[PDB]
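Since the structure comes first, as structure tokens, the remarks are kept for the end.
All Cβ positions, even for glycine, are placed from backbone atoms using ideal geometry, and neighbour counts span all protein chains on display. Every number here is computed from the coordinates shown, using simple stated rules; none is lab data.
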Amino acid sequence: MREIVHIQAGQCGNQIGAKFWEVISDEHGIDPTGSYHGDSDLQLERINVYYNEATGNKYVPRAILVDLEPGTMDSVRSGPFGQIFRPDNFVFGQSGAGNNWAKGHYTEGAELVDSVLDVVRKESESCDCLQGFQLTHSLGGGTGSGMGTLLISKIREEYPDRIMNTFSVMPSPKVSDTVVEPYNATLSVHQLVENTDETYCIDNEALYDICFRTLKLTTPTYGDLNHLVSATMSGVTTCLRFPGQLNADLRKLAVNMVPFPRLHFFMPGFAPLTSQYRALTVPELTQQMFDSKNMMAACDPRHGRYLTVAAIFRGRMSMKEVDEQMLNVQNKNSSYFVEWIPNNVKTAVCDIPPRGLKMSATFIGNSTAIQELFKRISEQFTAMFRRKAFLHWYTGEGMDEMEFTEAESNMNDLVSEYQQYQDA
Amino acid sequence: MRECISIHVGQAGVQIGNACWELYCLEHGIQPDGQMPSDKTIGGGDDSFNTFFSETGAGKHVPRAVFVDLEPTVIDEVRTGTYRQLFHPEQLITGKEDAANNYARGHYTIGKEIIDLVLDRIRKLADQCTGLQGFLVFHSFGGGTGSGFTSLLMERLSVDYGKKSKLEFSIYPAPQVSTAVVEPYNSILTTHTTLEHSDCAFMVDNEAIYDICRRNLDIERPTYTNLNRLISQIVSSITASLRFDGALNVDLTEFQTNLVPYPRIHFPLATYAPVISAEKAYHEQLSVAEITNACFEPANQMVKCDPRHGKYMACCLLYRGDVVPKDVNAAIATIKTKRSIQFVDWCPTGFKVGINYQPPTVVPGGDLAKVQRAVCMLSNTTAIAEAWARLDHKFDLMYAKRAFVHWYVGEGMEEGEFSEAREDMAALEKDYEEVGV
Amino acid sequence: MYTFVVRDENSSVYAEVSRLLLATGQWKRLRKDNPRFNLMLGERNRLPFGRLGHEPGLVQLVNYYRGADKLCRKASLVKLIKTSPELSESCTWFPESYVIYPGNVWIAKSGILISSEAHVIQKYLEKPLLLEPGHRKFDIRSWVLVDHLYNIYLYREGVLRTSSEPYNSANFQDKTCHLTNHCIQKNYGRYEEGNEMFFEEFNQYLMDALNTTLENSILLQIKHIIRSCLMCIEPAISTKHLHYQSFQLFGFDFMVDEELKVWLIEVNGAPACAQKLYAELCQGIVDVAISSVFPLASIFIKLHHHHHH
Amino acid sequence: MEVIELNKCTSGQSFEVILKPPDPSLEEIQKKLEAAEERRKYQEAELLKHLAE
Ligand SMILES: Nc1nc2c(ncn2[C@@H]2O[C@H](COP(=O)(O)OP(=O)(O)OP(=O)(O)O)[C@@H](O)[C@H]2O)c(=O)[nH]1
Ligand SMILES: Nc1ncnc2c1ncn2[C@@H]1O[C@H](COP(=O)(O)OP(=O)(O)CP(=O)(O)O)[C@@H](O)[C@H]1O
Ligand SMILES: COc1cc(C(=O)c2cccc(-c3ccc(C)c(O)c3)n2)cc(OC)c1OC
Ligand SMILES: Nc1nc2c(ncn2[C@@H]2O[C@H](COP(=O)(O)OP(=O)(O)O)[C@@H](O)[C@H]2O)c(=O)[nH]1
Ligand SMILES: [Ca+2]
Ligand SMILES: [Ca+2]
Ligand SMILES: [Mg+2]
Ligand SMILES: [Mg+2]
């Protein structure tokens, strides 16, 4: 289990997806033409996980770029690392999806999906041992949301024994394109609950607040938010991308993080928050990574309990200090970690730090506090759905009201399920 | 002589195998290429060391070893490492995909497709043996391969080699050393399924070894290399009597007879002194009294527990170095008066002593200092049930909520196998208490 | 912030040690089943000692000594004294006791029988010391705190659990004058409040009626008995060099006979204090047994005597 | 304290010292492995049926 196939879908999917490849290609010393110009051997020992080796000692991202309009993907090709992607893996329709889940899932996306799958199969075929897939997308638009979850469903049919992973950006009125986002996210969450093993919940509310409050950026662009997303993505993929101690893969992560199959929605976080000169002491990293102000999902971890936790430290530091500090928060905040899963916090260290920082920490929590995210979207949904407002956009693409009622129920179930274990 | 096959399942098994075979090679004067200059019978023999090594016409000495892992990375470091010429490639067996810390995946799913291959490579070694005793099996309780594939091997080894003895070296899981959350489940499952198939099993709690490395080797944050090098000294002690001239514990059957009167209660507590740092400039060498006395201190045990609140069924003292019988008996006389050493009423209060005059060998550049004399006590105390209770409690906590269970069921395993395995462990805890109070 | 759990709700003593710790602002109480504690305040039966001291990063302490039940049950207390050389079968301060399973006056106990006809049969002290005015039996309760280092701390205040019925040689079946237990009595408080004479008053009686002191006539023999009993079992129960540590409050029960000779009756593993003394004793447990291991931001007498021979 | 059964050699010696006197078959394994492969392949069928819907 080494190779991963990366898929990025829609405006948001391709934007954050493009930053991920910029960030991680700099860490593995791959330039914008695909040539290695690094210094350590540790940069290339697990390069197979995300890149294929081509003729002339080039590295090509195992990346499939999907959209239902050409705009964003043309920006990616024009952009700084655009030339590194395999040109055959740009798969794109022309008419767009108009921020409509139904267009993505049932009509426009249907027309395009089989050709995405042909590239997925192509990339899969030349993998020695495929461990699974990761998708970058939002749940608030139409392509990444609707088509993205169509793909997920299809990939599960063809590769039922491989791991499905998502970086799923959740919508918020603070960072909002259209009023139908709550509908699009509720239809997608139902898909994610059934058809994925792990989902990183990036809430745009939380990214905005981090940019506003805890970084002093008065007017945040999507690029400012996507700086935070790409840094977290680098964070959570560290163990996959460098050696080593725990032979780290998607399945082992899934087995240990997910005590109940539906509850696989993780609350990622990063320390230190950037946009520095002083390096953080190991106590500070440990305080900050566990701090609400550093979480990428707008939930108070104090309103729930941790089922499982995975913390990944990056840089040259005393592991003695790390273990003491990691034991200090568990023993000083012990009510917030469930007693019925012994030793639920798992710590890992990697010697190489990310660009810019001397040391850093990535947090991955399966907290029952995530319910707040789903309740927030369930309320925004019901506000509109009780008056059947904006439904014509979907019913015009063949969907029934029944399908909305179902998704509403399936999400409120998810919320009940998280509540069961927060009091248990 | 009678040949012994060592089997190393999983990462923990394999890396501990590496450590042991490195040490054995140093002890018998066998080199990385596999030549043994001090051997005069070229091409063969029936010396005590031949129980663990076969020989070839060109003079190579070859471990009676099978390394089995469901993924290649760890055994690939044996294939490319210091002792690459030592093993025949057919002894080193790897899969493609590990068991993701899942008993069921190791036992049922990925086990089924590889069990026949491994038994075949085991048969290739059993056919080179004039009179096979049986097997030493090394594994973790926590790993999926270590828990799951081991238990299926132990099932099949009972069928194909019903006459032969099976000893375990088992690594019990510890939060302080790369534990996953599901290892308590894995530990109970494999313990249940392996219980009837194992004659004598030596548990090594990673917690105990880790603190020994902190306290006595001054190692801030012990690595697997530190832990394994130390575990292999305890292993060498225990297997010394199979590989060297002597009259205590000369075959695998004797380990069962001397240490295991009640067949289910077959987990002897190992205790080991002295453990001393090679970076320590000034060290006053410890005596026979002081190291025999160190055998009754919990801080030196392979599992932390309190023998004073339990009862002994058997006690062996295996000395390595400058020791003579009268020094041992004088130390035993002193210690009996000071400490609480209660035996069961149906067993003779006593000690079977084994002394080998060659002091312990140390790996050059290792963490352990050379010592004039050392000892490994093997005592079958009921105190070791303390470890079963801890492990059982963690299982109960998670299993009350059905936490993680779906991953096991998803590999074809029935939910009932959990509570079944836990009932055997409930019976096991009760056996210890009857015998012990 | 140190942490503790509570697993005995009946414990009058550790109820107060629980409340004193919380009201320091430096000790959080956790749930009964939370493994991540510095201090257990454990159960009486089935206390899970095998789970203690295996929590990385916590130093764990508990208010019971595993193995201390051997001194605290009646059946095994007799068996301890008959078998150990350091308190021989010719032990002068223990009433001649025997064990058979289910002046020649005896007593049976584990519902108490006193006759010559009729678990443990014990020599009944026919000629006990009698406090006047009253002509009445009493027993002395001494509180002992053994800390993690095995320092034996005797609390300076004890109590006489008195009777209030004249003692009788011919009449055994009447239990109120022979058995001096606080529960069995409730003349309940005629001579002293609640049948409780504290050490200051009892010292003065001895000075007046007997021309001696509490320290000389009785308390030296108590200190010898406590120290003889605890040093006997130290190898079996000491938590020096162990992965968790233990302390324990013990309650020693004594009888003083006519010629001022002190006799051990029972050692009590989970003792209740006396109503007045809770305040001072429970604070001393905290100072000496708990805060020594877990320091924050003398009421005892230490028992030790290395005589050379 | 009696020191019995003393045996010696050049590499060591050994003795005892007393202070006081007093399986399922190949069919059934391949069976219940295959019973778990059925439940595995049943679960995969209910998935591929649910996806066909
Ligand atoms: N003492 C020691 N323990 C180890 C070693 N490697 C792993 N462990 C322990 O074994 C448990 C994990 O099991 P492993 O043996 O690594 O797993 P595996 O058997 O390879 O199984 P999968 O990876 O699940 O296929 C944990 O308790 C680890 O601390 C080692 O080299 N020495
Ligand atoms: N050998 C003896 N001689 C005189 N009196 C005796 C005696 N044995 C017992 N008693 C009396 O019987 C009473 C109760 O007996 P005992 O002290 O054995 O039980 P107990 O369990 O109630 C003490 P506690 O519960 O306070 O620890 C004592 O107060 C004592 O006066
Ligand atoms: C995909 O990135 C990660 C992978 C892993 C693992 O592969 C892994 C292996 C063994 C055990 C665990 C684990 C994970 C979580 C918990 C709560 C646990 O008890 C064990 N994981 C691990 C990661 O985090 C350290 C990864 O994130 C980068
Ligand atoms: N964090 C982040 N969110 C985005 C970005 N682009 C769009 N979004 C969010 O994604 C949703 C709109 O979906 P979008 O990806 O544009 O639609 P699609 O192209 O049809 O999938 C809204 O909630 C936006 O706030 C981005 O670059 N970063
Ligand atoms: Ca069309
Ligand atoms: Ca030879
Ligand atoms: Mg848009
Ligand atoms: Mg492994």
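Each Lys or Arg adds one and each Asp or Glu takes one away; over the other residues whose Cβ falls under 13 Å from the Cβ of C:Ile285, this sums to -3.
Residue farthest toward the positive end of the dipole of the range B:1-268, with Cβ of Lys/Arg at +1 and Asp/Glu at -1: which of B:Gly44, B:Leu117, B:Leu227? Result: B:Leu117.
Taking other Cβ atoms within 10 Å as a rough exposure proxy, A:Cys350, C:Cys229 sort from fewest to most as A:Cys350, C:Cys229. Taken residue by residue and averaged, Cβ atoms of other chains lying within 10 Å of the Cβ of C:202-215 number 0. Per residue, the convex hull spanned by the Cα atoms of chain B amounts to 136 cubic angstrom. For the peptide B:329-342, the mean number of other protein chain Cβ atoms found within 10 angstrom of a residue's Cβ is 2. For chain B, the antiparallel share of DSSP beta bridges with both residues in that region comes to about 40%.
With neighbour counts taken as other beta-carbon atoms within 10 Å, the residues C:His119, B:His393, C:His178 rank, fewest first, as C:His119, B:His393, C:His178. May I ask which residue of B:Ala385, B:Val435, B:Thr361 lies farthest towards the positive end of the charge dipole of the range B:360-437, with charges of +1 (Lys, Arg) and -1 (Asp, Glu) on Cβ and the Cα centre as origin? It is B:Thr361.
Peptide A:317-324 shows a mean partner chain C-beta count of 2 within 10 Å per residue C-beta. Net charge dipole, the range A:53-120: roughly 260 debye, given to the nearest 20, about the Cα centre with Cβ charges of +1 for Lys and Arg and -1 for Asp and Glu. Ranking A:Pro272, B:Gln85, C:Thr180 by Cα position along the charge dipole of the protein assembly as shown, where only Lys, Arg, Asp and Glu carry charges on their C-beta atoms, puts C:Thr180 farthest toward the positive end. The packing ranking, built from the mean of other Cβ atoms within 10 Å per residue, places the peptides C:67-78, B:317-328, A:359-370 in the order A:359-370, B:317-328, C:67-78, highest first.
Peptides A:89-100, B:30-41, C:191-202 ranked from most to least packed, by the mean per-residue count of other Cβ atoms within 10 Å: A:89-100, C:191-202, B:30-41. About its Cα centre, the dipole of chain B is roughly 860 debye, where the only charges are +1 on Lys and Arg Cβ and -1 on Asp and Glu Cβ. The antiparallel fraction among DSSP beta bridges confined to the range B:269-383 stands at about 70%. For C:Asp208, the shell of other residues with beta-carbons less than 14 Å away shows a net charge of -3, using +1 for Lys and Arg and -1 for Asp and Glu.
Take B:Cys200, C:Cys183 and order them by how many other Cβ atoms sit within 10 Å, fewest up front. Don't jump to the answer; show the numbers that get you there.
Details: B:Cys200 24, C:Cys183 6.
With the sparsest Cβ surroundings first, the list reads C:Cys183, B:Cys200.
Only loop residues by DSSP count here, and only those with at most 15 other Cβ atoms within 10 Å; note down the GluC sites (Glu not before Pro) in the range A:1-56 that meet that. For GluC sites (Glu not before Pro) across the range A:1-56 that sit outside H, G, I, E and B with at most 15 neighbouring Cβ atoms in 10 Å, the list reads A:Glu45. Placing a label point 7 Å from the Cα of D:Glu46 along the Cα-to-Cβ direction, the residues of the range A:161-205 whose backbone N falls under 16 Å of that point are A:194-195. With all projection directions averaged, the alpha carbon convex hull of the protein assembly as shown covers 56.4 nm². Over the range B:1-108, the hull volume per residue, using the convex hull of the C-alpha atoms, is 101 Å³. Relative to the compact-globule estimate of 2.2 N^0.38 Å, the Cα radius of gyration of the range A:157-308 comes out at 1.11. Values of log10 I(q)/I(0) for chain A across q = 0.10 Å⁻¹ run -0.65, by the Debye formula with one identical scatterer at each alpha carbon and no solvent.
Each peptide in C:250-263, B:72-85 receives the mean, over its residues, of other Cβ atoms within 10 Å, and ordering these scores from highest gives C:250-263, B:72-85. Estimated purely from DSSP H runs of n ≥ 4, each contributing -39500 (n - 2.57), the mean residue ellipticity at 222 nm for the protein assembly as shown is -10500 deg cm²/dmol once divided by its residues.
C:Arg31 sits among other residues whose Cβ lies under 12 Å from its own Cβ, and their net charge, with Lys and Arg +1 and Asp and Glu -1, is +3.
Please give me, ordered by residue number, the trypsin sites (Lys or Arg not before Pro) of the range B:394-425 that lie in loop per DSSP and have at most 13 other Cβ atoms within 10 Å.
Those satisfying the criteria are B:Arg402.
Could you tell me what percent of the DSSP beta bridges with both partners in chain C are antiparallel, to the nearest 5?
Looking only at bridges with both residues in chain C, the antiparallel portion is about 80 percent.
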